[PDB]
K.L.:
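Let me begin by handing over the structure; questions about it come next.
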There are 2 protein chains.
Amino acid sequence: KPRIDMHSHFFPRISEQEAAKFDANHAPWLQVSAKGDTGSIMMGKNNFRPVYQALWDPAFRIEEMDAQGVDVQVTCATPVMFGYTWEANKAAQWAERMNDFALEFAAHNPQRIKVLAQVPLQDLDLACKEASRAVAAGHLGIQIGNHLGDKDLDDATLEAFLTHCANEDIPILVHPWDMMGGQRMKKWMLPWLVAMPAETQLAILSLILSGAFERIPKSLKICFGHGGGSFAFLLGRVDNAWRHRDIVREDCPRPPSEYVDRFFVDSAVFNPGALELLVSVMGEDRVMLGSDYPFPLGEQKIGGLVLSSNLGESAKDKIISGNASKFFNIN
Amino acid sequence: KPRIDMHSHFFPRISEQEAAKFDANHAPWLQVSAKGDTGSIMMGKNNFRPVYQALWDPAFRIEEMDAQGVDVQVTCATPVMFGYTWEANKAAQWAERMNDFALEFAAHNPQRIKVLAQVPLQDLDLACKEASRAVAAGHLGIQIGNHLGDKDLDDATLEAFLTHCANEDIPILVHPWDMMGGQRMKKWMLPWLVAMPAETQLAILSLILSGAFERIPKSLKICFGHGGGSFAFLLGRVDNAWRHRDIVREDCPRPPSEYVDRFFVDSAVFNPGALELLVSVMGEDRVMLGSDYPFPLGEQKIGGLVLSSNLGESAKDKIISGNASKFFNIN
Ligand SMILES: O=C(O)c1cc(-c2ccc(F)cc2F)ccc1O
Ligand SMILES: [Zn+2]
């Protein structure tokens, strides 16, 4: 019974240039002190997010994992690195460099630090090419943002990407990014509190109600972050609309709630009643412990909510380790 | 045990000429078909939306209330009537006209049909004086939309309006409308399944995280539709951000979940487990039966989810009737 944290992020140790050989204004880089504990992600010479040392330092992170009791942590790019709005070839070179950084990071201890890759998702060919390349090099899967502008997961290019990954047994973690709401949610981190769970819910519903799950091979292993946003709580309203409105059944021939056997979520819902509902909707085999480490909006005592819950011990063990080791092929 | 449905809408018998008194191009009017069972909302000469008889005909609505077992229904404007983007004086005159149409609609059976008023929310002084005028004239409260373009409920103008209504014991219903993310949600009722719960959550959180609930007198009676949207499920994630980031705390001087004593929600969450969670979060005193009627009835039952639940019979009575009688002052 290891403990696997399958939701965490890292940021590479990349110079101001290097980073400017791709873009001054938009390719991010890492500015670090001599004090060492402190650093910032820089865009050009702007700032952006001060960052904790465990975001970039694998040795420092291993100490934190020991204190938290985490045996293995899956980690992957922070969304600022995605580069989805870039010229496709530049973005594919970026992705390759980023995925090499990730393996370098995990090389500090590959038995305990696993990595997921990013892909140049705005170009299907380059995206599939990089997915297979990165997995052949030791990534256990791919992490993508959930949409490309107005194209959600039901978009043909995105469905085709999931189908490539399914056909090569490449697991997918879907992360919300580029949040809806435009000019509205500008204070108190409302984007993270409102738009992000809606982004994830939209991604799941897009796959379900478009019939995408009818087209995508059952072999796809896909997991959505942050418990799947509000998906589980709003499922009853979805199922009701499907039963009583033929326009909700136009492309989806089964009740939406039956498609929970096609994806996974992590457990980061931050509430005991929420977790129980979530497990009740997804089943104990489809929730995996994830923490959003090392970000402040993550779970501070990793696995605290699952271990202190009232679920059976078989359930707890699946969530903290059994499911993710099967999902990602970890021993 | 008067079964009360406190969440429903209507649209009046507005002729083209009546609407041309305000805006020949943008004031909506109702073109009832010659057969009388369907109609169109119109703007000028253009067809805007097809509508069903129950929307405009109070006598037919009584028929459906009887079939459904609803003894009293609270109704108020459908959002196309709001007029928030209009010049302020025109919008105030329109609001008074609409609020008169509502009283005329309720006059068909005022024991069983109660109404709430609309206000020209784009002008503080005009909005509060119409609020007082309409409540004196017989309205039991106000229904506002949840946002005015990019201005959410934390906007000073809107906070001030709620304070006015708190101070005069004018209850308030918040109806989500003009949904975010529209260019992405054009099939399968996604605006109502995804954007609408988010809109409601955003409205609750904008009052909390801005500290508006701290400055708004506790006398305010305010209710959010559709169970509060995803608010109750995502509250843990909100608390775990308030704990851990200063900027989530800058204007909210207590943990967000402590404000669940400051508002109400209707019971529309379409799922027993989701309802239990909702009552667990809000308490049996702050959930009110509300259906968003008119909708095609079919096999569905207003209040069926609540009555068939496992809550205390005492709790059901509060949800079915007790809470709305106290909230709106009905006997
Ligand atoms: O505490 C914060 O400010 C915070 C920040 C992030 C975050 C940081 C950097 C980045 F490129 C993207 C992010 F979502 C993610 C979560 C979070 O809580
Ligand atoms: Zn994350």
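Below, chains carry the letters A, B, ... as their sequence lines are ordered, and counting in each starts from 1.
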K.L.:
For a quick test of reading the model, state the closest non-hydrogen atom pair linking B/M189 to A/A241 and the distance between them.
P.N.:
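Here B/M189 and A/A241 meet closest at SD-CB, 4.1 Å.
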K.L.:
Which atoms of B/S230 come close to chain A, meaning under 4.5 Å heavy atom to heavy atom: side chain ones, backbone ones, both, or neither?
P.N.:
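Answer is both: backbone and side chain atoms of B/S230 are under 4.5 Å from chain A.
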K.L.:
Side chain, backbone, both or neither: which part of B/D152 has a non-hydrogen atom closer than 4.5 Å to chain A?
P.N.:
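For B/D152, the side chain is the part near chain A, not the backbone.
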K.L.:
I need the residue from B/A274, B/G229, B/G149 with the largest number of non-hydrogen atom pairs under 4.5 Å to chain A.
P.N.:
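Going by pairs under 4.5 Å, I would pick B/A274.
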K.L.:
Any side-chain heavy atom of A/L190 within less than 4.5 Å of one from B/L205?
P.N.:
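Of all side-chain heavy-atom pairs linking B/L205 with A/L190, at least one is under 4.5 Å.
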K.L.:
So which part of B/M179 gets closer than 4.5 Å to some heavy atom of chain A, the side chain, the backbone, both or neither?
P.N.:
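Contact with chain A: none, neither part.
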K.L.:
Could you tell me which portion of B/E299 (side chain, backbone, both or neither) has an atom closer than 4.5 angstrom to a non-hydrogen atom of chain A?
P.N.:
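Side chain of B/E299 only, per the 4.5 Å heavy-atom cut-off to chain A.
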K.L.:
Which region of B/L209, side chain (C-beta onward) or backbone (N, CA, C, O), has a non-hydrogen atom less than 4.5 Å from a non-hydrogen atom of chain A, or is it both or neither?
P.N.:
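When you check distances to chain A, atoms from both the backbone and side chain of B/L209 fall under 4.5 Å.
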K.L.:
Are the side chains of A/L277 and B/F233 in touch, meaning some heavy atoms are under 4.5 Å apart?
P.N.:
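Side-chain contact under 4.5 Å: yes.
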K.L.:
So which part of A/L193 gets closer than 4.5 Å to some heavy atom of chain B, the side chain, the backbone, both or neither?
P.N.:
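The answer is both parts of A/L193.
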K.L.:
Which residue out of A/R184, A/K186, A/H244 racks up the most heavy-atom pairs below 4.5 Å with chain B?
P.N.:
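Looking at each option in turn, the highest pair count goes to A/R184.
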K.L.:
Need one label for B/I247: side chain, backbone, both or neither, based on atoms under 4.5 Å from any heavy atom in chain A.
P.N.:
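Interface part for B/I247: both.
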K.L.:
Looking at chain B, which one of A/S206, A/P296, A/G298 has the largest number of heavy-atom pairs inside 4.5 Å, strictly under?
P.N.:
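Result: the option with the highest number of such pairs is A/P296.
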K.L.:
Chain A heavy atoms under 4.5 Å from B/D154: which part of the residue, side chain, backbone, both or neither?
P.N.:
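Answer is side chain: those atoms of B/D154 sit under 4.5 Å from chain A.
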K.L.:
Any heavy-atom pair between the side chains of A/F270 and B/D239 that's under 4.5 Å?
P.N.:
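No. Closest side-chain heavy atoms not under 4.5 Å.
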K.L.:
Checking B/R237 side chain against A/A268 main chain: does a donor-acceptor pair fall under 3.5 Å?
P.N.:
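No: the side chain of B/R237 does not pair with the backbone of A/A268.
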K.L.:
Which region of A/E276, side chain (C-beta onward) or backbone (N, CA, C, O), has a non-hydrogen atom less than 4.5 Å from a non-hydrogen atom of chain B, or is it both or neither?
P.N.:
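Neither part, no heavy atoms under 4.5 Å.
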K.L.:
Is B/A195 close to chain A through its backbone or its side chain, or both, or neither, when contacts mean heavy atoms under 4.5 Å?
P.N.:
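Contact with chain A is absent: no heavy atom of B/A195 under 4.5 Å.
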K.L.:
Quick one: what part of B/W192 sits under 4.5 Å from any heavy atom of chain A, side chain, backbone, both or neither?
P.N.:
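When you check distances to chain A, only backbone atoms of B/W192 fall under 4.5 Å.
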K.L.:
How far apart are the closest heavy atoms of B/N271 and A/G236, and which atoms are they?
P.N.:
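So the two residues come closest at CB-CA, 4.0 Å.
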K.L.:
Give, as side chain, backbone, both or neither, the part of B/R245 having an atom under 4.5 angstrom from any heavy atom of chain A.
P.N.:
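Only the side chain of B/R245 comes within 4.5 Å of chain A.
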K.L.:
Let me confirm one number: the CG-NE2 distance from A/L234 to B/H226, rounded to the nearest 0.5 Å.
P.N.:
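One gets 11.5 Å once the value is rounded to the nearest 0.5 Å.
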K.L.:
Do you know which of B/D251, B/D246, B/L235 has the most heavy-atom pairs under 4.5 Å to chain A?
P.N.:
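Looking at each of B/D251, B/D246, B/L235 in turn, B/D251 comes out on top.
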K.L.:
Quick one: of B/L305, B/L278, B/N240, who has the most non-hydrogen atom pairs under 4.5 Å with chain A?
P.N.:
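Winner by heavy-atom pair count: B/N240.
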K.L.:
Could you walk me through whether A/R243 and B/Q300 satisfy the side chain to side chain contact (heavy atoms under 4.5 Å, CB included) test, starting with their C-alpha distance in whole Å, then the side-chain angles of each, then the deciding distance to 0.1 Å, before giving a yes or no?
P.N.:
CA-CA 11 Å; A/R243 291 192 310 271; B/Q300 297 194 73; 5.7 Å; no
K.L.:
Atom NZ of residue position B/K301 - does it have more than 12 heavy atoms of other residues, nucleotides or ligands inside 6.0 Å?
P.N.:
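For B/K301, atom NZ is crowded (more than 12 foreign heavy atoms under 6.0 Å).
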K.L.:
Side chain, backbone, both or neither: which part of A/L202 has a non-hydrogen atom closer than 4.5 Å to chain B?
P.N.:
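Both the backbone and the side chain of A/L202 come within 4.5 Å of chain B.
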K.L.:
Are side-chain heavy atoms of A/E250 and B/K187 found at a separation under 4.5 Å?
P.N.:
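No - every pair of side-chain heavy atoms lies 4.5 Å or more apart.
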